[PDB]
Structure formats: C-alpha cells, structure tokens
Amino acid sequence: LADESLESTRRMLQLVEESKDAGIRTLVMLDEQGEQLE
Amino acid sequence: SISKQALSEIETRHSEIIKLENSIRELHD
Amino acid sequence: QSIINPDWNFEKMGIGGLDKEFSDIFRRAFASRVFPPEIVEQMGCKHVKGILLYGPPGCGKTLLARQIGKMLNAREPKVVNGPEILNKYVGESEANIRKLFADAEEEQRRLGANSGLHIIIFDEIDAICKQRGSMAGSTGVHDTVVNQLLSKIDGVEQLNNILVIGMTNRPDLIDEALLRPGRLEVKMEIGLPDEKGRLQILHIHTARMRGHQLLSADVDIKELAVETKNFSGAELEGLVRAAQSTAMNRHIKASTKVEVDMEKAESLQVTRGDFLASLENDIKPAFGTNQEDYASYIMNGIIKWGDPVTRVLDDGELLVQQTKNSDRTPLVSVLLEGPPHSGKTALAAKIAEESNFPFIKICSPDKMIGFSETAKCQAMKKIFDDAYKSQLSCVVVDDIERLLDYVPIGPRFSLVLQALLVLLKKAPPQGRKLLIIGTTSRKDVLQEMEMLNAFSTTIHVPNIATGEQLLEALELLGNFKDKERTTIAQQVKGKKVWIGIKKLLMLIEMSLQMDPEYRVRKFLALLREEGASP
Amino acid sequence: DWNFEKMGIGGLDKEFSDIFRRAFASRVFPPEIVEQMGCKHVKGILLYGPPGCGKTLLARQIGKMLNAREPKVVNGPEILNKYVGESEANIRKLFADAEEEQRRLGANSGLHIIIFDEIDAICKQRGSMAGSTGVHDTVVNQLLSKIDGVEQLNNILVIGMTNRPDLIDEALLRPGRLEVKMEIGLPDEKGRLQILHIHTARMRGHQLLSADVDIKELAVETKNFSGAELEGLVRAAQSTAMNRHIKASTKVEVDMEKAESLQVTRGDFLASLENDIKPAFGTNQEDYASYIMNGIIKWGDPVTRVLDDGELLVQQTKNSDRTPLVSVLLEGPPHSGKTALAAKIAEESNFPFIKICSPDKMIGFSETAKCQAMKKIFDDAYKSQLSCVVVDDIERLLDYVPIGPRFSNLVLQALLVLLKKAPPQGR
Ligand SMILES: Nc1ncnc2c1ncn2[C@@H]1O[C@H](COP(=O)(O)OP(=O)(O)OP(=O)(O)O)[C@@H](O)[C@H]1O
Ligand SMILES: Nc1ncnc2c1ncn2[C@@H]1O[C@H](COP(=O)(O)OP(=O)(O)OP(=O)(O)O)[C@@H](O)[C@H]1O
Ligand SMILES: Nc1ncnc2c1ncn2[C@@H]1O[C@H](COP(=O)(O)OP(=O)(O)OP(=O)(O)O)[C@@H](O)[C@H]1O
Ligand SMILES: Nc1ncnc2c1ncn2[C@@H]1O[C@H](COP(=O)(O)OP(=O)(O)O)[C@@H](O)[C@H]1O
Ligand SMILES: [Mg+2]
Ligand SMILES: [Mg+2]
Ligand SMILES: [Mg+2]
C-alpha cells in the first residue's frame, strides 16, 4: 500500500506538472501567430 | 486472576488504480 | 400443481426412517401455502418462514437440505456456508449478507402478493450467529452482520415470499433473538434411528450390491439390524463399507509388492463372517454399549453349589414380573445382603440380564476414583435422569457402603446419603416404571442411618456352610479328582466350613503351584487355618 | 518400483497391514467392479501415540509411496493471519486443484494428499479455548464444511498426527471425515531388535563394526526404549568410539594415520547406556541403587523364606487365569528391612514394567494431588501385558498420628477401591 501509493503520487505529480507547463507554453505561443496573421 | 488480556485484528479500505496510467500517458504523448 | 412435485416416494431419494418428521413438518408448515387463499384471508393470517433442524453429529441433516430442494416445484435453493460471508475490505460482509434477500423483495414489489416462496439454505448457522456482546478484540463485524440479518428478516419492511432453513450441530451457541418467536420459530430435532428405520437404512445402501448378485444369501438383514443398536446412518454406511473392504483385501495379496489376484475375483462374495469381524473390530458406536460391564462383573459364570443359588434367582424373577404388570405400584426396590466374599455383585447383574428391559445400567464406584461428594451426587443424578426417559428401566447401585465413604472410626461418612435416600422414593412420571436393586455387606449400619425401612424387601445370600456342598462345588469346578477328592472328603467330614465362594477360587489357585505330592496337604492346611469359625 | 524393506520402518507390520487394508484397498482392481458396488472411498486418517514411537515416519513414507503429485504440508498453526477473513481464505486454498480436477476428468482423478502436523494446534473444541477473537471457532467450521457437505469430493486423503487425542472436536471423527483412527504404541522386544538391525545396516556393509558386538544383548538390556532412544544410543556409541582419534588440545588436531582402523566396541555401547541415554518409561537402575544401599546379607533362615514366598506369588500371577489380580502385604516391627526385601523381589521378577510409588516425592501435597498421582501411576500400569507395583510405607500415604486419631479419608477410599479393579482383558 505504501510503496504503490508513493509511486502513484510521484508519477501523478510529475505528469501533471509536465502537462500544465506544456499547456501554458502552447497558450503563450498561439498569440504570436494570431497577431502575425492579422 | 483479574488480569485478562486481549489480541486484535485489522481491516483496510483500498482505492482504484490500474488504467489511469494509460489515459495520463496518452494525454502527454 | 403449486409446490409439491409428482414424485413423492421419499425412498427413491435416499432418506431412511424419517416418516413422522416430514409429516409433522407439513402439518405445522408448508400446508397453508397449498390451500384456498380465499379461506386463508377469511380466517386472516400470515405464513411462517423459518425452521432450525438440530440433531446429533452425522444424522442425515445435510442430505435433507440437498433433497428438499429437489422435491420442490420451484426455481432452486441456494446453500451459503457460514464461514464464507466475511471479507477483508470494510463493508463487504454487510453487502454480501444483503444480497441473499434481494430477488424476493423485487418480486414482492413487481408481483406483490404474487409469485412463489424463496428458499435460502444457511449451512453452519452457528459460525456467524454467536452473540452480540460476548466477543472482544474483533472490530465489530459479527455484531453488525447479526444485526443486519435480524433486521432484514424481521422489521418494518415486510416480506412474505421466503423460507429460511438453518442447520447446526450444537444449538447452544446460536443467538437468542433468532430462536425467539418470529424469525426461526417452529424448531425441530432429528434423533437417532429406531429399530425399524435401521432396516430401511440398510436396505437403501445395499440395493446396488444385491442388483448385480454380489451379496451372499447367507447374510440376513434382520439379524444385523437387531444386532446393531445405538447406531447412526453414518455408522451403518461405515459397517457396509468395512465389510466390502475386508472382502476387498481378502482377494488382493502381496506385502513386498502389490498386485491383484489375476482378476480371480469372479464374484468376491461377502459372507456373514466378514460382517461379524467388521462389526467386532472396525465399527464402534458413539453412544456406547453395556458389554464390558456385563462380561466383567460375571467373570466365571454362575455354577450351582446347591439350593441357595436358585431361591435368589426365583425371587428376583418374581420381583421383575411384578414391576412389569402392576399399576398400583410403579416403583419397586430390593436389597441384597450377605457376608463379604459371597458373590453378590455377580448375583445382581445376572438378575438384571435375565429381564430384557430396554434400559439397563450399573453405577459402581470404580468410575469415580478421586471425586468429591458433589461430583458423585451429580453423576448419580445424571444416571437416574437418563433412566427417566423410557417405558421400562432397571438401575443397579452396588457396594453402597463405598459410596457413602464409610470407615468405622468415629464413624465418618458424607450429601450422598440424602441424595440416595430421596431418589429412592420419587415416583417416575405417570405411565412408566422403574426398579432399583442394591448390594451391601453390612446390614446393621444401613439399619442405623434409617435406610433399611425405605427398601421394600431384603433377600439373603449365604455362603457354603456344609461339607457336602464344598465337595459338590469342587466336583463341578473340576480341579481335584480321583483319590485326591476321596481323601479330601475323608478329612473334611465334621467341623463344618465357613468359606465364601470368592475365597474358594483363590485357595485352589494358591494350592496348584507346588509339586503334585504336596497339593492336597497345602490346600487342607490353608482351609483349616483360614477357614475360621462362624 | 517399491518394496516394504526399502522404506525402512520396522516394528509396525500389523499397523501398516491394517492401514493398507482399510485405506488403499478399493483403489486397486479395475474400476469396473468397484463402480458396480457404489461405495465411497475412505478419506481420512488420524495417528496418535506418546512421543518417540514413529508417527512422522509413517506419514513421510506414505507420502513418498504414491505415484501421485507431491503432497502438501501444513506445519501446525501456519494458516492463521491477522487480516480478518484470511485464515478461512487460506484453508480454503488447499483444495482448489482437487476441485478443478474432479470437475475436469471425473471419477478418474489422481489422489491429492494433504499432510497435517500437530492437528491439535488449530482444530480444537468449540465453545472452549474462548479467550477472544473467534478466529478459532470459525476455522473449525470451515474445515468441517469443506471436508464433506455441499459438493461431492472423492479424490482427497487427509492425514492427521497428534499426541493428545482427547481434545479434538467430536464432529471431526464421525465415520465420513476421519474414519481410520489407528494407534502407535511402544515396541516390544522384537520391535527393538528390528529397529537396532535397521539402524546398523550401513555399518556392517563396510566392515566398520567389530564382530565383538552382539545385537541380542543390546536388545535384551534396553527396556522401555523407543525408536528415538535406540537411534540416540547408536549415535552416542558411534560418537564415543569416534572421539578417540581426535586430540583435544590447543590448536585442535586430528590423526590421519590411525584413522583408517576405526572400530566400534561393545564397551562403548555400555558406556553410552550408563552415561548419556536414559529412557522415561520404567524405572532406571539408579532407583534400585537407592533402596538396597547395602546389599542383602543372610542372618538366618527368616531372610530366605520371604524370598521363596515372593517367588511363588510372582510365578502364580503369570501362569493362571481364574485370578488376574493378586496382592500381598509385608508386615513387621519398625527398623527391620521391609523396603529392601520388597525391592529385591520386584527386581528379580524380570517383568517388563516395574514402578515404585513412595511417599518422599510428594512432600507437602494436599489430598487431591496425592489421589491424582496415585491414579496416574496405576493407569500407566494398565497399558502393558503384565506388571508389578510397590506401595511402601502405607501409613504415611494416609497421614496417621496416634493422637485423635487423625487421617485422610479420600486417599484411604482411593486405595480400597484400587485394590479390587481388574485390569482390561488378558492383562
Ligand atoms: N437417514 C439417512 N438416510 C440415508 N443416509 C443417511 C442417513 N443418515 C445418515 N446417512 C448417511 O450418512 C451421511 C449423511 O450424513 P450428513 O452429511 O447428513 O451429516 P451432517 O448433517 O453433515 O453432520 P454434521 O451435522 O455433524 O455436519 C451420508 O453418507 C448418508 O448416506
Ligand atoms: N454361583 C456363583 N455365584 C457367585 N459367584 C460365582 C459363582 N460361580 C462362580 N462365581 C465367581 O465368583 C465371583 C463372585 O465374587 P464377586 O466377584 O461377585 O465378588 P463380590 O461378591 O462383589 O465380593 P465383594 O462384595 O466383597 O466385593 C463371580 O464374579 C464369578 O467370577
Ligand atoms: N537381609 C537383609 N534384609 C533387609 N535389609 C537388609 C538385609 N541386609 C542388609 N540390609 C540393609 O537394610 C537396610 C534397609 O532397611 P530399611 O530402610 O528397609 O528398613 P525399614 O523397615 O524400611 O525401616 P523403616 O520401616 O523405618 O523405613 C539397607 O541398608 C539394606 O542393605
Ligand atoms: N519403527 C521405526 N523404525 C525406524 N526408525 C524409527 C522407528 N520409529 C521411530 N524411529 C526413529 O524415530 C525418529 C523419528 O521420530 P518421529 O516419528 O518424528 O517421532 P514422533 O512420532 O514423536 O513425532 C527417527 O530417528 C526414526 O529413525
Ligand atoms: Mg453440515
Ligand atoms: Mg461389591
Ligand atoms: Mg519403610
């Protein structure tokens, strides 16, 4: 229970942080193409 | 004689996991 | 067609002599459910949904469970064993016990007051329903489960399409509320089989062997059935299996190796010899048989040394005959008295055996070595209480003076006297009988304690008191013969003799350990010295 | 390939013959005949006996005999676990393969054998042993339901071993669950001979045992010896004959020159008999060495007559059957030797079982303790073929003191009853 729970929390944390950072990065880049396209 | 002692037992609750990994990994990919 | 299936033989299935049990079962329950509902409501009532069958271990209870399900014209039964409905994760046990009463609730809603009875079989109904406040260090699963089941079967919510049947060996651990009217009322007991039922039990199990002609015509079922008493169905099956097994082995051979006798067992027929041997050294009852007592108290038979060994038997027979066919006097007692070493404890077992009363027992001190007075009283009370459950009986209390713990310095003795002096007047429940025979060696002491006016009669057992009787006893025992008996006769004449009959089986033996030339002299010297005087 | 000799278990021929007759007899003819009878095979064995008689060897050999899958084992209480509902789960595990195979072939399965050790650890009386929990009043019910009940099983054989046959639950011994209840008992002289022969075979095959030793003397002298005791005696004799070549000094040494002439002598057997191995049953010679401290002299004829009468009585209690029980009483003044003329008669009888119940081993006991001790010493004498017992200084067993008078009643009653109770048949 302890080992599996620690594995789960660690993997969940790292995966969630990666996804969050990547999403924010895509959010920030989209505006540049938008303005250039105008 | 008055000294009466006792042994005991325990339980658990358990949670859900096994395939959430697949969904998270697919999202990341 | 409502519930009962067409086939209702009850011997095809395999059940034995249980006719009355099922008739009572139907008379008390499973009767209203096959009747005009109009009339049912006209009297206005509800049905009954519980039974608990409690019998001695291995007495056909389990078979009834798997066979009642077959005879019912309905869906099916379910057998849930007691020790299975517990699970590790929290809450699972309650969910599991809940599932067992679901499709009956669904049918009472969708077919309210319509459809059939639901059967749930609780095997080992002692495993889970023990108590609610008797455990300790055990979460609470047991109490929660019992509460859940009790509330579900009986409570505000109403159910009318269910029949719970529980089965157990020991009913003294079952919970209280369950036996309390309403959930598992109308209890029933399955006792041991009777004489007639034993024949049917044997017949059911021996049909296949007789079908293929593997059973010798010599064997008789009735002989075996009468011979085997205080047996259970399991024991009868064991006897049959062991007889088959002794033949099984009679054919095979080889201890260094193992091989069959070249399939020579064309018929391997079982003969009564195999049954006799198996019943002798393989199968033994659980109740217990009064055989070792009967063959240990009468160790050398009952020889005839004269008239005083016939009058006593005749009087005992008369007393038995009186107790058998009288109505004014249900209880009769008698006391045997005589000097020590006179064969009283083997002239009281014989009288008991001559009468063929169904219930015979003998309470003697040898089974209570080292017991305080309280335990002695408890054991004697138990013996009599058992004797109070038959239409005839005969109880023998031998060597009374050793029960009261008598030693003539003061003197000193024990509760036992009062228990024995009250038990000997209590008449048994109406329409029964009893007979108590007592043995003692000191009349005067029993007269002192005011016990000799509670017995109804006393018979006298004498010892050899004349030379001719001694010679006849020697002749019938057959040890000294020829000129030896002649010289013994010449020497004995005169001076009489005062030797008891258990003291004449020790003198002869101590005499036959010298050389042949000195046996007669040693025997005569021992008799002269020890013989004493009256 | 098999042979009764190979297994190497000697002194229990009747036992094995009976077990074979009643447990592996229905499994040997072509299925046709046995099927035509409609008989259910026996499934169960229970073995019991006092320690050292050879129970765990029989189970091992039966397990190794069968040409079946390897047997399982449960070393006593190895199925109890904390998490509620896991002991029942574990006990339920041992029957999975048998169930599946019964469902799969049907009436053609291969024996599944389960070997329980110390069956008394778990399966005990219901209602008692109730200290707390209840995990002990549930395992028994699970086992009772599994062995027979719902569902049909005919391809198992459970074997149980224990030394306390008076505690097992009664339900678990009714014909159907554990039917064969045999009994292992102490061997007789022929069994001792067989045991000694078996345990020495590998030595005589290599000329490592000097011809001086005689087996018959070893068998005769050893009395009330059990299998474990015989094996221990042989091992100790080997060790003592074996230490000689070693030189127990600083910087441990060993001689590689004379070691090739290793031999074992009867003297070593005697040394191990009188130094390191001591049986329980019977009386050791050290007992008789403590009641005849100064021998038996002849001061006249009144020391010869007593011995002759003792011989006559002992001879009668061996060759006559109208009287299985005898008694005698030695009386005289105080300080005259009535405890060294009562031990020398018992010693010179050559009976198998001899005991002495004296009053100096129960200093301070109350009445009940004395009654229990006397009952035990007499009960152990009912389980042989012919025995002798000595009750010396009666007047101290039941406390006597001329003032009063005062004494104990319970002990006197126990004595007066125990002198008229015939033993079982033929003993
Ligand atoms: N009346 C009977 N008719 C037929 N067979 C019987 C009868 N009584 C016992 N038997 C035989 O004995 C066995 C039935 O015993 P059963 O399984 O009913 O005992 P049980 O109720 O499980 O015992 P317990 O309550 O101690 O667990 C079967 O082998 C069956 O053939
Ligand atoms: N006709 C007979 N009457 C009595 N006993 C006989 C007779 N013939 C042979 N015997 C033998 O003698 C024995 C009689 O003595 P028994 O064993 O009854 O002692 P007892 O009367 O109980 O003595 P006590 O009352 O002092 O204990 C019988 O058990 C039997 O072995
Ligand atoms: N012929 C003999 N008979 C008996 N004892 C003898 C004889 N010769 C020597 N002794 C010695 O007598 C001693 C045994 O005496 P013991 O103690 O038995 O007397 P006792 O009667 O038991 O005394 P008490 O009854 O007061 O205990 C031992 O030392 C024993 O060797
Ligand atoms: N009949 C016998 N033949 C050979 N060895 C035996 C015999 N009986 C006991 N033994 C010896 O006893 C030991 C095993 O004893 P064991 O069966 O474990 O005793 P217990 O029955 O008290 O468990 C081994 O050394 C074995 O050789
Ligand atoms: Mg059952
Ligand atoms: Mg008597
Ligand atoms: Mg003394």
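Note that chain C is numbered according to Swiss-Prot, with residues 206-619, 621-740 shown in order.
How was it done? The header gives electron microscopy, 3.7 Å.
Even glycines carry a Cβ here, placed using N, Cα and C.
Here is what Swiss-Prot says about this protein:
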type: BINDING; residues: C:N505, C:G506, C:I507, C:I508, C:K509, C:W510, C:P545, C:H546, C:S547, C:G548, C:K549, C:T550, C:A551, C:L552; note: ATP binding site
type: BINDING; residues: C:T550; note: Mg(2+) binding site
type: MOD_RES; residues: C:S207; note: phosphoserine
type: MOD_RES; residues: C:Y259; note: phosphotyrosine
type: MOD_RES; residues: C:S569; note: phosphoserine
Quiz item: Rounded to a whole number, what is the top Cα to Cα distance in Å among the residues the record ties to ATP, namely C:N505, C:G506, C:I507, C:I508, C:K509, C:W510, C:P545, C:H546, C:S547, C:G548, C:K549, C:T550, C:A551, C:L552?
Solution: 19
Exercise. Return one of helix, strand or coil for the residue listed as 'phosphotyrosine', based on DSSP.
Key: strand
Self-check item: Residue, out of the binding-site residues C:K509, C:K549, whose Cβ gathers the largest set of other Cβ atoms within 10 Å
Solution: C:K549
Quiz prompt | Cα-Cα distance linking C:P545 (ATP binding site) and C:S569 (phosphoserine), given in Å to the nearest integer | solution = 17
Exercise. Please classify the secondary structure at C:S569 (phosphoserine) using three-state DSSP.
Key: coil
Quiz item: Within 10 Å of the Cβ of the residue listed as 'Mg(2+) binding site', how many other Cβ atoms are there?
Solution: 18
Self-check item: For C:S547 (ATP binding site): intrachain residues, at least 6 apart, with Cβ closer than 8 Å
Solution: C:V667, C:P668, C:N669, C:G706, C:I707, C:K708
Exercise. Other Cβ atoms within 10 Å is the metric here; tell me which of the binding-site residues C:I507, C:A551 scores highest.
Key: C:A551
Quiz item: Listed in sequence order, which of the recorded positions C:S207, C:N505, C:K509, C:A551 sit with a CB under 8 A of chain D?
Solution: C:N505
Self-check item: Neighbourhood of C:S207 (phosphoserine) by C-beta distance under 8 A, where only residues 6 or more apart in the same chain count
Solution: C:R238, C:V239, C:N278
Quiz item: How many Å lie between the Cα of C:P545 (ATP binding site) and the Cα of C:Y259 (phosphotyrosine)?
Solution: 50
Quiz item: Cβ distance under 8 Å to C:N505 (ATP binding site), same chain, sequence separation 6 or more: which residues?
Solution: C:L711
Quiz item: Whole-number Å distance between the CA of C:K509 (ATP binding site) and the CA of C:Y259 (phosphotyrosine)?
Solution: 52
Practice problem: Tally every other Cβ atom lying within 10 Å of the Cβ atom of the residue listed as 'phosphotyrosine'. | Solution: 20
Self-check item: C-alpha spacing of C:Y259 (phosphotyrosine) relative to C:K549 (ATP binding site), in angstrom
Solution: 44
Exercise. Compute the C-alpha separation of C:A551 (ATP binding site) from the residue listed as 'phosphotyrosine', stating it in Å without decimals.
Key: 41
Exercise. Kindly point out which of the recorded positions C:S207, C:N505, C:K509, C:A551, C:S569 have a C-beta less than 6 Å from some atom of ligand 2.
Key: C:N505, C:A551
Quiz item: C:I507 (ATP binding site) to C:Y259 (phosphotyrosine): how many Å between their Cα atoms?
Solution: 46
